[PDB]
Protein chains: 4
Amino acid sequence: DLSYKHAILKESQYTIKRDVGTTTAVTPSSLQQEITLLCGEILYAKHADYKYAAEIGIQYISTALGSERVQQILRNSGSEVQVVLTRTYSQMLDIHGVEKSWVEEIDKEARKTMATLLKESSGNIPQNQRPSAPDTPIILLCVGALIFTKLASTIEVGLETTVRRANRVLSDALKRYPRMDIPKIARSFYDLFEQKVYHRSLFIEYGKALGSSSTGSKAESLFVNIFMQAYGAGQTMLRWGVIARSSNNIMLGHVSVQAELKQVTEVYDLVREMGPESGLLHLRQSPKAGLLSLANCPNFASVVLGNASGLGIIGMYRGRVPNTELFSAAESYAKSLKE
Amino acid sequence: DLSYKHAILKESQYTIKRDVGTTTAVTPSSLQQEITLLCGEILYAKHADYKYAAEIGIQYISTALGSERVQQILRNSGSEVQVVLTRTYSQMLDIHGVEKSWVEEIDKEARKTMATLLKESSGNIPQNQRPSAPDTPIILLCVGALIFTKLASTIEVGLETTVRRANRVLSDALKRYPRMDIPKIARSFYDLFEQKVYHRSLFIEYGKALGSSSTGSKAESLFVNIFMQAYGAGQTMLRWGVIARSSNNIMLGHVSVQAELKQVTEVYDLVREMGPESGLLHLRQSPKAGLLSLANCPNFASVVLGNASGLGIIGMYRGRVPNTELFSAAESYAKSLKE
Amino acid sequence: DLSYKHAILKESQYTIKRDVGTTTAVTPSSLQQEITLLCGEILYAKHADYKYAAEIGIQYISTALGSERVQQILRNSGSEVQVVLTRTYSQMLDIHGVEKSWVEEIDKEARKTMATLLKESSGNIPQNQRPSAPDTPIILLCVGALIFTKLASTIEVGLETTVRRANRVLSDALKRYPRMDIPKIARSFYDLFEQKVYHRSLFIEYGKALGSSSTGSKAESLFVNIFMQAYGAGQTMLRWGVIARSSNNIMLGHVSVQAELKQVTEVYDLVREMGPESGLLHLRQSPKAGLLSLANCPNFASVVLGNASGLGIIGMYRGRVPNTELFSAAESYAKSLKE
Amino acid sequence: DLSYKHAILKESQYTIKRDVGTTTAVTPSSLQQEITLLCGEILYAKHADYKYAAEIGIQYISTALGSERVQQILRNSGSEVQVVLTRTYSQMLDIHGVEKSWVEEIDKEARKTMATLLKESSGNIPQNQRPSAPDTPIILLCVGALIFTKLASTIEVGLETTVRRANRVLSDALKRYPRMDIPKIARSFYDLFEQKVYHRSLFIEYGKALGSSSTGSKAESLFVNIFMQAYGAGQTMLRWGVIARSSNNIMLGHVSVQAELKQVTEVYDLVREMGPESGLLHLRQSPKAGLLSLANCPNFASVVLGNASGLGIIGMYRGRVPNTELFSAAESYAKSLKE
RNA sequence: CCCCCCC
RNA sequence: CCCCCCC
RNA sequence: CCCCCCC
RNA sequence: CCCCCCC
RNA sequence: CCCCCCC
């Protein structure tokens, strides 16, 4: 059945159309040196409103890939959003859907903070501490990638995890910019990813275009590391299933587990059939996701969760254990094997 | 998963573009006999500023490979830096991005030192002690290759190791040039490698074009020896893992180590899949590096570090030991086997 | 039937008469050295109005072919437009149908830009950067030829494609003239081609008189390359049909495809019967075009479009697929053969 | 389509007219014994200005073919240049477009060098070392033919290749004339070929009139060897395509390659249709060149370039690889077959 | 009615 | 637009 | 550039 | 319905 | 996030 369902979904002669009357903003590569400034003036000043930081990160992505490539990416993502270009005025940027009041506020706040830290201090600002640093857009996109790995999770868990992991992953940027509010920027990125779902596809295309590069700075290598940490998002049950098989859990040989193993292997075969893009299904909110669910094998899922709980892997996972006896037996065996 | 991640990174139909508006300097082979002089006038005099010694070494590399081949190397490294040629003036060199004041200072300092060592002494300067010696550019590039092997490490460790190893590796050059400041030249080379990342690719191409040569002087053989000592940079955990497997450590048979051995072998298979260029991934700061990390196998890494500590190989390695009990048990077994 | 229709259209003893009371402008060869200046003063300055750039390109064509040959070309194109010669005044040109205010504005804007770029800069303007360069009329006609290849398409697609292709085809001219507005010049050329349809015949005659030349500059070779890229305009279905036959698509052997293959071969026989001038039928808007339509073979057209979609050739083609089942089957087989 | 494009270009009832008000210089055969002297006084002396050496070689060509035949050659090349004859004065030559100051400078420099090498030396100048040697014009035309083979390439590559190949091809002349500056003479010939394009036709006519001769010296045989090495200039992709077909590359059987093979064979059929003069199309800058481009078959071109790269033939070819996956696969297969 | 991609 | 290696 | 042995 | 830990 | 010793 599962192969037939995927065959129906894949073999479609008709293309969906959505967001027909909508538009979005991009910034041409000719403005990259400008957007960098903006992407850094968000980082070293303490701003009251961090509402469009995610849009500025996506603007930098658009400068990197190019306006035409970004339009093509949005078009092939199933969304008929018409790209609107970015202009300059007196210079500053007039990004579509980003209020000019916001851009002026961010610029003025950063200029005032820079003046205050230059007047009082000894005037020895290093090359990495200024807003026009060239890795500041990647530093903002690193907060974006941290909150990207938690798009399958909830908002509160995502924000808490982003802040916790960014105090260590982004320690160097925090030292360079003492006053960068990872919570508010992470909230902005979560809002962008939820509202504009095609920007998940744009962000993934940037991740690919960055990982495929021949050279990169440490900021881009960090961004790619986090982006790849997001790969199996929304499918931790499959990873824990292969973990359970590697652990040689005895309760995998139970009668009901052996009964469901056929369709479990069917799900894994479907994973292989989709191939490399299967991992990005839940990150993209591809409607095709959910063909990879193991919820139709309650006993296998309970055994997998029990094995994970025994090994300590389960952590604070919020999934359901359908069959509690199998869960407890698997947990006991996994603890025994671990000890 | 790891094979799929590498498949995504490798199978990219789009090329990255960076350093679009930037330029760099090369020196044509027709100026090699001139750059040699410069590359040696850095070595036998005591200079206040050693800021661009690395750029002069890279200039000699550009003379060796050729301007067009160097432009091609920079282009295929993912960087759209426009090569700027080198000219002469009254003769001395006007290298782009190298201030003419610096070149004049180095030349004048070397001429004054030569006059002082000729007026006072008996006038018996041998053929190897003069700045126009033909192995002086390779002697400078040897300090560069020593600091090249420490690009994955930190700056202070790199400089300390460079000086310590250069007092023995480069003893003959030090005898020939009593006043050559390995610390400042090493600092210059570290600065060049950090700022201009495409010059890592140029330096690797010189290493290949030198190792592939049919003949070479002892300086070039030394440079190739050091360059090959840099091969596995940034991946000492994989080397220590194969060391642990060769040592037949009993704690490799632990439950958790045997649990993680599958994905460990996956990392090694990915190493084989990339092939010869895998070793140069961290040296080049290829963003694709980090697919070879064993950080997702904490128990295997702890066992490997314990085995290394028992054998005395660990030295002063600064990696983390995740599971301390496995580390201590492996260290005890490794010491027992060593004794 | 199709041969009979073409026989009726071809065997006509009566000549049509149109544009009887209309006139058009030409420029004699004696003014070529003057028109060149104008054709280049459009290219290196930033003009508010680019309305008659196409007429200036056509004026240069008229200088190249000659006034009498141009009148003959207009007469044999089915249009009874009376040629009006070009005069000079105080020197500048008074082209018929081109307001003297426009010519004065273009000349003054170019002179002011030249004065600004000479006063501020170091006064080292090369021979190719000045308006009086002899390939500037061909550079303008290259934008005209780019928008010529998109006369069967729509206006927006034509302009987008012209700009995209001119950033690469005309990179050297863009470097020579940093401020040349390919969008506005392309709009002017599209307007000319739509309003004055006999100028399509003039432009084709220039393409022939240029391709037949024994020698030419790189600009003229580029113009001929683009002009020949326009050859099969308006008939991509025939090209994709021969592509499908070359691909040996199995769905070509379907019952309905084999039913329609007879009249399909009739269309191809008509193509051969018309011969070399068949390709220029849609470019010229020859009313005889439409005898080459494959719209009366819906199943063959659907199979051809499916084959193109499978091979990736279809791109973003906007034609209709009549029979969706054949389209999908052909697409599946074409993808299978491609893989 | 390609056959129709060539049919349009070939079937033209109108002849182009260019260079109407221009003139050029020829030298009658009655002055050959004089021009020989000049053509050799360029070779054994060290001249500050080598500006018109190419014009002197072309003058010798004009003496060889004859003034009337040279005028006819210029006329049938599509250029309406009026031949101006050459006169003598007190003897020396007054060549049109060649300043008499230049001729006097060359003659005086050669006479002074001859006096210096006769006064100091033992006075045993052999018959081949004097300027009046009868193969000196052919020795100059050999540098001209070396730079002729690189007219499709760039200026810097052409000059570098000319010098590199002339140190070996023209070793005997270099021994006879120690001070002959192949770089400056090659620059002069490149300038002539770029400025006066009809002189490419004259130079080709000399190549034909020399190859058709019943007897010749070793200089003329060398000139014909180089001239024939120039035959396929500007079309190395076709030669590499037939090389790939000879290599039986498996990736030629790919789906897209087999898709494009039809129009590829169309290009080759057009090559056969034009016949012997097809090779000289790019050398002559015939505007008809570009009908032979394989740029409209990106997958075939990528496979051909990959095969060449595998066999080591690609060298340092600067063409584009459109489809990188096909290029890499073809390169791998070609290396495997080579090994 | 016809046309509609890429180069 | 085209061209781009070696001999 | 080409040629290059033996009979 | 699906998802849900850690890095 | 990754890296981190010695030669």
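Caption draft 1: Here's a closer look at the overall build of chain A. In terms of regular secondary structure, chain A is built from 15 helices and 4 strands. Sorting the 339 residues of chain A into buried and exposed places 49% on the buried side. Counting every atom, chain A has about 15,900 Å² of accessible surface; 52% of that belongs to carbon and sulfur.

Caption draft 2: The arrangement of the pattern of salt bridges in detail. What the rule picks out here adds up to 50 salt bridges over all chains. Salt-bridge contacts for A:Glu277 lead to A:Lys208; the nearest nitrogen and oxygen are separated by 3.3 Å. Placement of A:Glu277 in the loop between α13 (255-274) and α14 (298-311) and of A:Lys208 in helix α10 (residues 198-211) is noted, with a sequence separation of 69 residues between them. By relative accessible area, which is 34% here, A:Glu277 ends up partly exposed. Judged by its relative accessible area of 14%, A:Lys208 falls in the buried class. A salt bridge links D:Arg111 to D:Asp107; the shortest N-O distance between them is 3.3 Å. On the criterion of helical spacing, the pair formed by D:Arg111 and D:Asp107 is a turn pair, its members being 4 residues apart in helix α5 (residues 100-119). The class for D:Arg111 is exposed, based on a relative accessible area of 52%. Owing to a relative accessible area of 16%, D:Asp107 belongs among the buried residues under this scheme. Because the salt bridges share partners, they merge into one network encompassing A:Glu205, A:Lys208, A:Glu277 and A:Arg284.

Caption draft 3: Local environment of the arrangement of the chains. The structure contains 4 pairs of chains in contact, of which chains C and D account for the largest number of contacts. Across all C-alpha pairs, the smallest distance from chain B to chain C is 14 Å, and the two are not in contact. There is a clear gap between chain A and chain D: no contact, and 13 Å between their nearest C-alpha atoms.

Caption draft 4: Spotlight on a nonpolar patch on the surface. Residues and elements named next belong to chain A. Residues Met114, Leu118 and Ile125 make up a contiguous nonpolar surface patch of roughly 220 Å² in combined accessible area. Position of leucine 118 among the secondary structure elements: in helix α5 (residues 100-119). In this structure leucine 118 comes out as partly exposed when scored by relative accessible area, which is 40%.

Caption draft 5: Here's a closer look at the interface of chain D and chain C. Each partner contributes to the interface: chain D provides 25 residues, whereas chain C provides 35 residues. Carbon and sulfur atoms supply 57% of the area that chain D and chain C bury against each other, a total of about 2,400 Å² over both sides. It is D:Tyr4, D:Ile8 and D:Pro287 that lose the most area in chain D upon contact with chain C, and together they represent 25% of the buried surface on that side. In this structure, the connection of chain D to chain C is made through 1 salt bridge. Of the charged contacts in the structure, one is a salt bridge between D:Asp1 and C:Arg239, with a shortest N-O distance of 2.2 Å. For the pair chain D and chain C, the number of links is 7 residue pairs in polar contact. Counting residues per element, the side of chain D that touches chain C draws most heavily on helix α1 (residues 2-10) of chain D, at 5 residues.

Criteria and cut-off values
Residues numbered from 1 in each chain as written, not as in the entry; some residues may be left out. Chains lettered and ligands numbered in written order. Part of a larger assembly, values for the part shown. Heavy atoms only, no water. Helix = DSSP H or I, 4+ residues; strand = E, 2+ residues; numbered from the N terminus. Buried < 20%, exposed > 50% of the residue type's maximum accessible area, 1.4 Å probe, protein only. Areas by Shrake-Rupley, 256 points an atom, 1.4 Å probe, with all protein chains shown as cover. Salt bridge = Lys/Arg side-chain N within 4 Å of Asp/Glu carboxyl O. Contact = heavy atoms within 4.5 Å. Patch = residues over 30% accessible without salt bridge, like charges linked within 9 Å, V, L, I, M, F, W, Y side chains within 5 Å. Buried area = accessible area lost by both parts, 1.4 Å probe. Polar contact = N/O pair within 3.5 Å; in protein donor to acceptor, adjacent residues only side chain to side chain.

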